[PDB]
$ cat coords15.pdb   # PDB, C-alpha atoms (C1' of nucleotides) and all ligand atoms
ATOM      1  CA  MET A 434      65.370 105.683 168.148
ATOM      2  CA  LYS A 435      65.023 101.911 168.005
ATOM      3  CA  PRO A 436      67.058  99.934 170.530
ATOM      4  CA  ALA A 437      68.616  96.957 168.822
ATOM      5  CA  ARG A 438      68.572  93.193 168.448
ATOM      6  CA  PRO A 439      71.111  92.345 165.721
ATOM      7  CA  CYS A 440      70.744  89.579 163.244
ATOM      8  CA  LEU A 441      72.857  86.482 163.984
ATOM      9  CA  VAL A 442      74.727  86.754 160.603
ATOM     10  CA  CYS A 443      75.047  90.401 159.594
ATOM     11  CA  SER A 444      74.293  92.809 162.320
ATOM     12  CA  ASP A 445      71.329  94.676 160.932
ATOM     13  CA  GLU A 446      68.213  95.177 163.053
ATOM     14  CA  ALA A 447      66.751  91.609 162.943
ATOM     15  CA  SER A 448      63.110  91.017 161.988
ATOM     16  CA  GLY A 449      62.218  87.600 163.447
ATOM     17  CA  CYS A 450      63.441  84.025 163.567
ATOM     18  CA  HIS A 451      64.284  83.052 160.008
ATOM     19  CA  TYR A 452      64.918  79.503 159.002
ATOM     20  CA  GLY A 453      65.906  79.016 162.588
ATOM     21  CA  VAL A 454      68.023  82.038 163.509
ATOM     22  CA  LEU A 455      67.300  85.619 164.484
ATOM     23  CA  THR A 456      68.152  87.246 161.103
ATOM     24  CA  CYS A 457      66.993  90.332 159.214
ATOM     25  CA  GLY A 458      64.872  90.377 156.123
ATOM     26  CA  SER A 459      67.767  90.166 153.675
ATOM     27  CA  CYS A 460      69.574  87.308 155.435
ATOM     28  CA  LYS A 461      66.138  85.673 155.293
ATOM     29  CA  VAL A 462      65.752  85.545 151.487
ATOM     30  CA  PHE A 463      69.461  85.539 150.717
ATOM     31  CA  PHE A 464      69.850  82.211 152.488
ATOM     32  CA  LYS A 465      66.664  80.811 150.946
ATOM     33  CA  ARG A 466      67.730  81.690 147.391
ATOM     34  CA  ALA A 467      71.264  80.410 148.052
ATOM     35  CA  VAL A 468      70.073  77.119 149.494
ATOM     36  CA  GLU A 469      67.531  76.476 146.823
ATOM     37  CA  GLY A 470      70.369  75.580 144.482
ATOM     38  CA  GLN A 471      73.690  76.495 142.965
ATOM     39  CA  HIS A 472      75.641  78.257 145.721
ATOM     40  CA  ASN A 473      78.962  78.044 143.844
ATOM     41  CA  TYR A 474      80.630  81.298 144.692
ATOM     42  CA  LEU A 475      84.270  82.058 145.151
ATOM     43  CA  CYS A 476      85.656  84.223 147.877
ATOM     44  CA  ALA A 477      87.983  87.094 146.825
ATOM     45  CA  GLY A 478      89.726  86.955 150.204
ATOM     46  CA  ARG A 479      90.976  84.230 152.456
ATOM     47  CA  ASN A 480      87.646  82.752 153.360
ATOM     48  CA  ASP A 481      86.906  85.011 156.295
ATOM     49  CA  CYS A 482      85.230  88.298 155.295
ATOM     50  CA  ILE A 483      83.812  90.712 157.946
ATOM     51  CA  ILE A 484      80.092  91.663 157.697
ATOM     52  CA  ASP A 485      77.504  94.333 158.201
ATOM     53  CA  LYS A 486      74.720  96.434 156.797
ATOM     54  CA  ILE A 487      77.143  97.194 153.851
ATOM     55  CA  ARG A 488      79.963  94.641 153.504
ATOM     56  CA  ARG A 489      77.302  91.890 153.527
ATOM     57  CA  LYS A 490      76.531  92.229 149.831
ATOM     58  CA  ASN A 491      80.305  92.031 149.060
ATOM     59  CA  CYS A 492      80.777  88.229 149.377
ATOM     60  CA  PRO A 493      77.919  85.809 149.067
ATOM     61  CA  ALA A 494      80.403  82.904 149.566
ATOM     62  CA  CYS A 495      81.168  84.013 153.086
ATOM     63  CA  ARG A 496      77.603  85.172 153.900
ATOM     64  CA  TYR A 497      76.283  81.780 152.907
ATOM     65  CA  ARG A 498      78.860  80.278 155.196
ATOM     66  CA  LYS A 499      77.812  82.525 158.040
ATOM     67  CA  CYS A 500      74.193  81.446 157.537
ATOM     68  CA  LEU A 501      75.121  77.797 157.726
ATOM     69  CA  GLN A 502      77.090  78.555 160.921
ATOM     70  CA  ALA A 503      74.387  80.501 162.717
ATOM     71  CA  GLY A 504      72.243  77.391 162.309
ATOM     72  CA  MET A 505      69.927  78.486 159.477
ATOM     73  CA  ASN A 506      68.409  75.324 157.953
ATOM     74  CA  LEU A 507      65.626  74.766 155.527
ATOM     75  CA  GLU A 508      62.979  72.979 157.651
ATOM     76  CA  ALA A 509      63.439  75.040 160.797
ATOM     77  CA  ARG A 510      59.942  75.805 161.904
ATOM     78  CA  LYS A 511      58.905  72.246 161.014
ATOM     79  CA  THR A 512      60.464  71.043 164.220
ATOM     80  CA  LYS A 513      61.278  74.184 166.230
ATOM     81  CA  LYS A 514      61.160  72.745 169.746
TER      82      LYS A 514
ATOM     83  CA  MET B 434     105.203  91.516 123.348
ATOM     84  CA  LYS B 435     102.740  94.159 124.200
ATOM     85  CA  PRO B 436      99.242  94.304 123.159
ATOM     86  CA  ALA B 437      98.021  91.007 124.701
ATOM     87  CA  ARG B 438      94.386  89.597 125.158
ATOM     88  CA  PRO B 439      94.370  89.722 129.115
ATOM     89  CA  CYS B 440      92.875  92.651 131.013
ATOM     90  CA  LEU B 441      95.602  93.946 133.309
ATOM     91  CA  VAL B 442      93.215  94.149 136.234
ATOM     92  CA  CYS B 443      90.713  91.343 135.855
ATOM     93  CA  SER B 444      92.299  89.288 133.080
ATOM     94  CA  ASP B 445      89.180  89.171 130.839
ATOM     95  CA  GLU B 446      89.381  90.014 127.091
ATOM     96  CA  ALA B 447      90.922  93.484 127.013
ATOM     97  CA  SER B 448      89.569  95.777 124.307
ATOM     98  CA  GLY B 449      92.484  98.207 123.882
ATOM     99  CA  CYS B 450      94.448 100.827 125.783
ATOM    100  CA  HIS B 451      91.594 102.027 128.044
ATOM    101  CA  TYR B 452      92.604 104.946 130.275
ATOM    102  CA  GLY B 453      96.326 104.138 130.195
ATOM    103  CA  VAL B 454      96.202 100.372 130.408
ATOM    104  CA  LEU B 455      95.346  97.419 128.227
ATOM    105  CA  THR B 456      91.902  96.550 129.691
ATOM    106  CA  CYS B 457      88.220  95.669 129.188
ATOM    107  CA  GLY B 458      84.958  97.537 128.676
ATOM    108  CA  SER B 459      83.817  96.809 132.283
ATOM    109  CA  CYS B 460      86.973  98.022 134.008
ATOM    110  CA  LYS B 461      87.262 100.796 131.381
ATOM    111  CA  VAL B 462      83.887 102.027 132.444
ATOM    112  CA  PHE B 463      84.442 101.129 136.084
ATOM    113  CA  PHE B 464      87.433 103.359 136.337
ATOM    114  CA  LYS B 465      85.817 106.577 135.095
ATOM    115  CA  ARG B 466      82.688 105.969 137.154
ATOM    116  CA  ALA B 467      84.917 105.227 140.138
ATOM    117  CA  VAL B 468      87.028 108.385 139.911
ATOM    118  CA  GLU B 469      84.229 110.921 139.493
ATOM    119  CA  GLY B 470      81.253 109.465 141.388
ATOM    120  CA  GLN B 471      80.148 109.082 145.007
ATOM    121  CA  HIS B 472      80.512 105.552 146.410
ATOM    122  CA  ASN B 473      80.870 103.445 149.586
ATOM    123  CA  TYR B 474      83.504 101.211 148.442
ATOM    124  CA  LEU B 475      84.721  99.198 151.388
ATOM    125  CA  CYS B 476      86.510  95.923 151.329
ATOM    126  CA  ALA B 477      85.360  93.092 153.495
ATOM    127  CA  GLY B 478      88.809  91.466 153.895
ATOM    128  CA  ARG B 479      92.157  93.219 154.281
ATOM    129  CA  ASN B 480      92.406  95.069 150.977
ATOM    130  CA  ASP B 481      94.054  92.484 148.664
ATOM    131  CA  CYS B 482      91.205  90.539 147.102
ATOM    132  CA  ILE B 483      91.783  88.773 143.852
ATOM    133  CA  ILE B 484      90.055  90.668 140.972
ATOM    134  CA  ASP B 485      88.936  88.216 138.219
ATOM    135  CA  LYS B 486      86.206  87.940 135.590
ATOM    136  CA  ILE B 487      83.817  86.961 138.436
ATOM    137  CA  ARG B 488      85.168  88.187 141.783
ATOM    138  CA  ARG B 489      85.677  91.695 140.387
ATOM    139  CA  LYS B 490      82.103  92.481 141.477
ATOM    140  CA  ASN B 491      82.962  91.390 145.013
ATOM    141  CA  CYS B 492      85.437  94.111 145.961
ATOM    142  CA  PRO B 493      85.063  97.219 143.878
ATOM    143  CA  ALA B 494      87.226  98.794 146.610
ATOM    144  CA  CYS B 495      89.933  96.385 145.646
ATOM    145  CA  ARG B 496      89.307  96.755 141.877
ATOM    146  CA  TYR B 497      89.557 100.533 142.008
ATOM    147  CA  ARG B 498      92.837 100.038 143.933
ATOM    148  CA  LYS B 499      94.010  97.531 141.274
ATOM    149  CA  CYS B 500      92.989 100.247 138.762
ATOM    150  CA  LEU B 501      95.036 103.021 140.407
ATOM    151  CA  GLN B 502      97.857 100.390 140.789
ATOM    152  CA  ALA B 503      98.056  99.524 137.078
ATOM    153  CA  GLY B 504      98.337 103.160 135.897
ATOM    154  CA  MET B 505      94.811 103.960 134.681
ATOM    155  CA  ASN B 506      94.661 107.754 134.644
ATOM    156  CA  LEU B 507      91.614 109.792 133.708
ATOM    157  CA  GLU B 508      93.207 112.945 132.283
ATOM    158  CA  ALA B 509      95.707 110.784 130.466
ATOM    159  CA  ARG B 510      97.532 110.240 127.165
ATOM    160  CA  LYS B 511      94.861 108.807 124.803
ATOM    161  CA  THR B 512      96.641 106.116 122.768
ATOM    162  CA  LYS B 513      97.570 102.737 121.637
ATOM    163  CA  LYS B 514      97.014 101.986 117.914
TER     164      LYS B 514
ATOM    165  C1'  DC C   1      54.130  84.745 164.155
ATOM    166  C1'  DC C   2      57.028  83.031 160.187
ATOM    167  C1'  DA C   3      57.215  80.948 154.953
ATOM    168  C1'  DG C   4      57.331  82.470 150.508
ATOM    169  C1'  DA C   5      55.361  84.841 146.679
ATOM    170  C1'  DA C   6      54.474  88.702 144.002
ATOM    171  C1'  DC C   7      55.623  94.188 142.644
ATOM    172  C1'  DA C   8      58.671  98.276 142.409
ATOM    173  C1'  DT C   9      63.026 100.330 142.939
ATOM    174  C1'  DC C  10      67.538 101.274 142.920
ATOM    175  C1'  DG C  11      72.438 101.274 142.654
ATOM    176  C1'  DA C  12      76.088  98.844 140.428
ATOM    177  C1'  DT C  13      77.658  97.216 136.490
ATOM    178  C1'  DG C  14      78.342  95.646 131.367
ATOM    179  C1'  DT C  15      77.981  96.238 125.986
ATOM    180  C1'  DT C  16      77.146  98.378 121.833
ATOM    181  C1'  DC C  17      77.170 102.335 119.514
ATOM    182  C1'  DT C  18      78.540 106.626 117.909
ATOM    183  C1'  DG C  19      81.410 110.556 117.278
TER     184       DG C  19
ATOM    185  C1'  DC D   1      91.349 103.060 117.299
ATOM    186  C1'  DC D   2      89.790 104.976 121.521
ATOM    187  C1'  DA D   3      86.253 108.194 125.170
ATOM    188  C1'  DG D   4      82.173 108.489 126.327
ATOM    189  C1'  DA D   5      77.369 107.868 125.772
ATOM    190  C1'  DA D   6      73.530 105.741 125.605
ATOM    191  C1'  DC D   7      70.981 101.382 126.165
ATOM    192  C1'  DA D   8      70.314  97.055 129.013
ATOM    193  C1'  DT D   9      71.277  93.670 132.772
ATOM    194  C1'  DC D  10      72.017  91.941 137.538
ATOM    195  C1'  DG D  11      70.990  91.479 142.232
ATOM    196  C1'  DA D  12      69.847  93.478 146.835
ATOM    197  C1'  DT D  13      66.611  94.604 149.401
ATOM    198  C1'  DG D  14      61.649  96.860 150.503
ATOM    199  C1'  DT D  15      56.643  96.209 151.157
ATOM    200  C1'  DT D  16      52.716  93.695 151.061
ATOM    201  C1'  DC D  17      50.077  90.192 151.043
ATOM    202  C1'  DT D  18      48.774  84.881 151.942
ATOM    203  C1'  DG D  19      48.102  80.826 154.030
TER     204       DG D  19
HETATM  205 ZN    ZN E   1      71.247  89.808 158.189
HETATM  206 ZN    ZN E   2      84.635  86.063 151.441
HETATM  207 ZN    ZN E   3      88.953  94.022 133.185
HETATM  208 ZN    ZN E   4      88.919  93.811 148.923
END
$ encode --input "coords15.pdb" --output "structure tokens"
Amino acid sequence: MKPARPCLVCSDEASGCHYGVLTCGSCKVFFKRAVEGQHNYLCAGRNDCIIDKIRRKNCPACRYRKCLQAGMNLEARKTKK
Amino acid sequence: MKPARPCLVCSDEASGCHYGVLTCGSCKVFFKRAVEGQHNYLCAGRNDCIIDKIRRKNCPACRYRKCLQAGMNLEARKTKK
DNA sequence: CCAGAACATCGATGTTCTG
DNA sequence: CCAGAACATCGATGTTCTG
């Protein structure tokens, strides 16, 4: 099969560095679209949801927060090292 | 009293006794679809998310439970007028 | 190699309509 | 008045190309 190198904010099979963190494709555009305005979402739980290839589309509030945490930031490759 | 505006499972405008319970189109529909379809409903938290006009898309696993909880039955007494 | 656009594709959901 | 059915929407997530 494939081995594995899991994305820093779900756990899917990562694609490359995205806006600064090893994330998959989805985390890639999810974060971009979230950041580019209006990320007002409410959590249905107590601000700590679990994540993964499925549960990830359950709560954008938490996913966006997990992006932020991983380090994902808009002008990543501008500075890299 | 008892008719009463608020959806018993997501407090939006209810439309009438749907499947047992005063409820809305969405939930109405959601219940049937829930009970006779294939799905991967899993909750990201610890199965007690708030269902609400918005969040109710977050945890269908939780909604469906709220459904079951509130009485909604498929093969049930069709009434309310 | 990563950014960001086009498409195209589904499953989930929602509303209006019609028996 | 309600079940169900027929639309019609939303939103994720491919894939595939640029620069
Ligand atoms: Zn991811
Ligand atoms: Zn959450
Ligand atoms: Zn409802
Ligand atoms: Zn839940």
$ residues_around --input "coords15.pdb" --residues "range 441-448 of chain B" --least-positions-apart "4" --cutoff "6 Å" --atoms "all atoms listed in the file" --output "number ranges by chain"
B: 456-457, 484-486
$ write_last_selection --input "coords15.pdb" --atoms "C-alpha atoms" --output "CSV table (one decimal), in the frame of the given file"
chain,number,residue,atom,x,y,z
B,456,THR,CA,91.9,96.6,129.7
B,457,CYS,CA,88.2,95.7,129.2
B,484,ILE,CA,90.1,90.7,141.0
B,485,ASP,CA,88.9,88.2,138.2
B,486,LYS,CA,86.2,87.9,135.6
$ resolve_selection --input "coords15.pdb" --expression "the PyMOL selection byres ((chain A) within 8 of (chain C))" --output "list in words"
residues 449, 450, 451 and 510 of chain A
$ calpha_fit_rmsd --input "coords15.pdb" --fixed "chain A" --moving "chain B"
3.8 Å
$ atom_distance --input "coords15.pdb" --atom1 "CA of residue 505 in chain B" --atom2 "CA of residue 492 in chain B"
17.7 Å
$ atom_distance --input "coords15.pdb" --atom1 "CA of residue 487 in chain B" --atom2 "CA of residue 475 in chain B"
17.8 Å
$ resolve_selection --input "coords15.pdb" --expression "the PyMOL selection byres (((chain A and resi 467) around 12) and not hetatm)" --output "compact mmCIF listing (two decimals) with C-alpha atoms, in the coordinates of the input"
# COMPACT_ATOMS: atom_id res chain seq x y z
CA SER A 459 67.77 90.17 153.68
CA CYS A 460 69.57 87.31 155.44
CA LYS A 461 66.14 85.67 155.29
CA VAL A 462 65.75 85.54 151.49
CA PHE A 463 69.46 85.54 150.72
CA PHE A 464 69.85 82.21 152.49
CA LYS A 465 66.66 80.81 150.95
CA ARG A 466 67.73 81.69 147.39
CA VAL A 468 70.07 77.12 149.49
CA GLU A 469 67.53 76.48 146.82
CA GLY A 470 70.37 75.58 144.48
CA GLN A 471 73.69 76.50 142.96
CA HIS A 472 75.64 78.26 145.72
CA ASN A 473 78.96 78.04 143.84
CA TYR A 474 80.63 81.30 144.69
CA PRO A 493 77.92 85.81 149.07
CA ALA A 494 80.40 82.90 149.57
CA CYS A 495 81.17 84.01 153.09
CA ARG A 496 77.60 85.17 153.90
CA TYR A 497 76.28 81.78 152.91
CA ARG A 498 78.86 80.28 155.20
CA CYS A 500 74.19 81.45 157.54
CA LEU A 501 75.12 77.80 157.73
CA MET A 505 69.93 78.49 159.48
CA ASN A 506 68.41 75.32 157.95
CA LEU A 507 65.63 74.77 155.53
$ axis_aligned_box --input "coords15.pdb" --around "range 458-477 of chain A" --padding-each-side "6 Å" --output "JSON"
{"center_x": 76.4, "center_y": 83.0, "center_z": 149.5, "size_x": 35.1, "size_y": 26.8, "size_z": 25.2}
$ interface_residues --input "coords15.pdb" --of "chain A" --to "chain B" --cutoff "6 Å" --atoms "all atoms listed in the file" --output "number ranges by chain"
A: 477-478, 482-483, 488, 491-492
$ closest_residue --input "coords15.pdb" --among "A:499, A:458, A:439, A:514" --to "ligand ZN 2 (chain E)" --atoms "only C-alpha atoms and all ligand atoms"
A:499
$ atom_distance --input "coords15.pdb" --atom1 "CA of residue 509 in chain B" --atom2 "CA of residue 453 in chain B"
6.7 Å
$ decode --input "coords15.pdb" --residues "range 447-475 of chain A" --atoms "N, CA, C and O atoms" --output "PDB file, in the first residue's frame"
ATOM      1  N   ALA A 447      -1.198  13.290   3.889  1.00  0.00           N
ATOM      2  CA  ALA A 447      -0.679  14.627   3.559  1.00  0.00           C
ATOM      3  C   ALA A 447      -0.249  14.665   2.093  1.00  0.00           C
ATOM      4  O   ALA A 447       0.070  13.630   1.495  1.00  0.00           O
ATOM      5  N   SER A 448      -0.203  15.869   1.547  1.00  0.00           N
ATOM      6  CA  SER A 448       0.177  16.065   0.136  1.00  0.00           C
ATOM      7  C   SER A 448       1.517  16.806   0.023  1.00  0.00           C
ATOM      8  O   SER A 448       2.391  16.428  -0.763  1.00  0.00           O
ATOM      9  N   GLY A 449       1.609  17.922   0.714  1.00  0.00           N
ATOM     10  CA  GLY A 449       2.851  18.717   0.785  1.00  0.00           C
ATOM     11  C   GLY A 449       2.707  19.734   1.904  1.00  0.00           C
ATOM     12  O   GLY A 449       1.704  19.752   2.620  1.00  0.00           O
ATOM     13  N   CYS A 450       3.703  20.578   2.060  1.00  0.00           N
ATOM     14  CA  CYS A 450       3.559  21.736   2.946  1.00  0.00           C
ATOM     15  C   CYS A 450       2.463  22.635   2.393  1.00  0.00           C
ATOM     16  O   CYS A 450       2.746  23.683   1.794  1.00  0.00           O
ATOM     17  N   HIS A 451       1.510  22.980   3.215  1.00  0.00           N
ATOM     18  CA  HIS A 451       0.460  23.905   2.819  1.00  0.00           C
ATOM     19  C   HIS A 451       0.384  25.030   3.823  1.00  0.00           C
ATOM     20  O   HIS A 451       0.414  24.799   5.041  1.00  0.00           O
ATOM     21  N   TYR A 452       0.387  26.219   3.274  1.00  0.00           N
ATOM     22  CA  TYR A 452       0.435  27.432   4.074  1.00  0.00           C
ATOM     23  C   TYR A 452       1.193  27.136   5.359  1.00  0.00           C
ATOM     24  O   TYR A 452       0.899  27.711   6.418  1.00  0.00           O
ATOM     25  N   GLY A 453       2.296  26.445   5.247  1.00  0.00           N
ATOM     26  CA  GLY A 453       3.258  26.312   6.276  1.00  0.00           C
ATOM     27  C   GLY A 453       3.275  25.016   7.013  1.00  0.00           C
ATOM     28  O   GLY A 453       4.266  24.858   7.785  1.00  0.00           O
ATOM     29  N   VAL A 454       2.332  24.134   6.805  1.00  0.00           N
ATOM     30  CA  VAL A 454       2.247  22.902   7.622  1.00  0.00           C
ATOM     31  C   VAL A 454       2.022  21.757   6.659  1.00  0.00           C
ATOM     32  O   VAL A 454       1.637  21.988   5.501  1.00  0.00           O
ATOM     33  N   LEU A 455       2.384  20.590   7.146  1.00  0.00           N
ATOM     34  CA  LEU A 455       2.272  19.372   6.267  1.00  0.00           C
ATOM     35  C   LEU A 455       0.779  19.108   6.321  1.00  0.00           C
ATOM     36  O   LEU A 455       0.381  18.922   7.494  1.00  0.00           O
ATOM     37  N   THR A 456      -0.050  19.428   5.394  1.00  0.00           N
ATOM     38  CA  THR A 456      -1.482  19.111   5.465  1.00  0.00           C
ATOM     39  C   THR A 456      -1.883  18.404   4.173  1.00  0.00           C
ATOM     40  O   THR A 456      -1.101  18.370   3.185  1.00  0.00           O
ATOM     41  N   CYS A 457      -3.066  17.841   4.160  1.00  0.00           N
ATOM     42  CA  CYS A 457      -3.583  17.226   2.922  1.00  0.00           C
ATOM     43  C   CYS A 457      -4.184  18.315   2.040  1.00  0.00           C
ATOM     44  O   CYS A 457      -4.437  19.477   2.405  1.00  0.00           O
ATOM     45  N   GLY A 458      -4.707  17.837   0.938  1.00  0.00           N
ATOM     46  CA  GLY A 458      -5.381  18.713  -0.014  1.00  0.00           C
ATOM     47  C   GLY A 458      -6.520  19.518   0.598  1.00  0.00           C
ATOM     48  O   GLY A 458      -6.598  20.738   0.224  1.00  0.00           O
ATOM     49  N   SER A 459      -7.457  18.802   1.238  1.00  0.00           N
ATOM     50  CA  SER A 459      -8.602  19.457   1.854  1.00  0.00           C
ATOM     51  C   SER A 459      -8.126  20.494   2.874  1.00  0.00           C
ATOM     52  O   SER A 459      -8.345  21.716   2.620  1.00  0.00           O
ATOM     53  N   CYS A 460      -7.364  20.077   3.857  1.00  0.00           N
ATOM     54  CA  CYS A 460      -6.948  21.093   4.874  1.00  0.00           C
ATOM     55  C   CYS A 460      -6.404  22.338   4.196  1.00  0.00           C
ATOM     56  O   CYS A 460      -6.629  23.412   4.778  1.00  0.00           O
ATOM     57  N   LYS A 461      -5.701  22.126   3.080  1.00  0.00           N
ATOM     58  CA  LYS A 461      -5.157  23.126   2.198  1.00  0.00           C
ATOM     59  C   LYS A 461      -6.218  24.143   1.807  1.00  0.00           C
ATOM     60  O   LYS A 461      -6.016  25.304   2.117  1.00  0.00           O
ATOM     61  N   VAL A 462      -7.292  23.770   1.100  1.00  0.00           N
ATOM     62  CA  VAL A 462      -8.225  24.803   0.642  1.00  0.00           C
ATOM     63  C   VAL A 462      -9.251  25.204   1.693  1.00  0.00           C
ATOM     64  O   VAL A 462      -9.892  26.269   1.561  1.00  0.00           O
ATOM     65  N   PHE A 463      -9.485  24.294   2.624  1.00  0.00           N
ATOM     66  CA  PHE A 463     -10.403  24.581   3.733  1.00  0.00           C
ATOM     67  C   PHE A 463      -9.900  25.808   4.488  1.00  0.00           C
ATOM     68  O   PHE A 463     -10.618  26.802   4.654  1.00  0.00           O
ATOM     69  N   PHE A 464      -8.632  25.757   4.850  1.00  0.00           N
ATOM     70  CA  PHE A 464      -8.013  26.843   5.613  1.00  0.00           C
ATOM     71  C   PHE A 464      -8.029  28.139   4.803  1.00  0.00           C
ATOM     72  O   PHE A 464      -8.363  29.212   5.319  1.00  0.00           O
ATOM     73  N   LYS A 465      -7.681  28.017   3.536  1.00  0.00           N
ATOM     74  CA  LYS A 465      -7.599  29.181   2.638  1.00  0.00           C
ATOM     75  C   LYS A 465      -8.952  29.907   2.572  1.00  0.00           C
ATOM     76  O   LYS A 465      -9.039  31.138   2.695  1.00  0.00           O
ATOM     77  N   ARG A 466      -9.989  29.124   2.368  1.00  0.00           N
ATOM     78  CA  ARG A 466     -11.358  29.636   2.184  1.00  0.00           C
ATOM     79  C   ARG A 466     -11.881  30.229   3.503  1.00  0.00           C
ATOM     80  O   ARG A 466     -12.589  31.249   3.519  1.00  0.00           O
ATOM     81  N   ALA A 467     -11.483  29.590   4.589  1.00  0.00           N
ATOM     82  CA  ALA A 467     -11.843  30.028   5.949  1.00  0.00           C
ATOM     83  C   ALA A 467     -11.170  31.362   6.257  1.00  0.00           C
ATOM     84  O   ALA A 467     -11.805  32.312   6.659  1.00  0.00           O
ATOM     85  N   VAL A 468      -9.871  31.446   5.981  1.00  0.00           N
ATOM     86  CA  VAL A 468      -9.099  32.613   6.288  1.00  0.00           C
ATOM     87  C   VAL A 468      -9.514  33.828   5.464  1.00  0.00           C
ATOM     88  O   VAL A 468      -9.330  34.973   5.962  1.00  0.00           O
ATOM     89  N   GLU A 469      -9.969  33.503   4.253  1.00  0.00           N
ATOM     90  CA  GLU A 469     -10.151  34.619   3.308  1.00  0.00           C
ATOM     91  C   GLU A 469     -11.389  35.448   3.654  1.00  0.00           C
ATOM     92  O   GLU A 469     -11.784  36.358   2.910  1.00  0.00           O
ATOM     93  N   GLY A 470     -11.969  35.135   4.790  1.00  0.00           N
ATOM     94  CA  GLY A 470     -13.045  35.950   5.354  1.00  0.00           C
ATOM     95  C   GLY A 470     -14.055  35.078   6.086  1.00  0.00           C
ATOM     96  O   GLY A 470     -14.084  33.851   5.901  1.00  0.00           O
ATOM     97  N   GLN A 471     -14.796  35.769   6.927  1.00  0.00           N
ATOM     98  CA  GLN A 471     -15.991  35.243   7.588  1.00  0.00           C
ATOM     99  C   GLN A 471     -15.775  33.768   7.967  1.00  0.00           C
ATOM    100  O   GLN A 471     -16.169  32.847   7.233  1.00  0.00           O
ATOM    101  N   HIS A 472     -15.097  33.589   9.093  1.00  0.00           N
ATOM    102  CA  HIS A 472     -14.970  32.274   9.745  1.00  0.00           C
ATOM    103  C   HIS A 472     -15.796  32.243  11.030  1.00  0.00           C
ATOM    104  O   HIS A 472     -15.336  31.744  12.068  1.00  0.00           O
ATOM    105  N   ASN A 473     -17.045  32.762  10.958  1.00  0.00           N
ATOM    106  CA  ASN A 473     -17.875  32.733  12.183  1.00  0.00           C
ATOM    107  C   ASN A 473     -18.680  31.422  12.281  1.00  0.00           C
ATOM    108  O   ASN A 473     -19.863  31.323  11.879  1.00  0.00           O
ATOM    109  N   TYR A 474     -18.100  30.436  12.899  1.00  0.00           N
ATOM    110  CA  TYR A 474     -18.838  29.205  13.034  1.00  0.00           C
ATOM    111  C   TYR A 474     -18.918  28.913  14.507  1.00  0.00           C
ATOM    112  O   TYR A 474     -17.967  29.170  15.259  1.00  0.00           O
ATOM    113  N   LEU A 475     -19.965  28.227  14.866  1.00  0.00           N
ATOM    114  CA  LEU A 475     -20.170  27.811  16.246  1.00  0.00           C
ATOM    115  C   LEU A 475     -19.921  26.323  16.373  1.00  0.00           C
ATOM    116  O   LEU A 475     -20.271  25.533  15.488  1.00  0.00           O
TER     117      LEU A 475
END
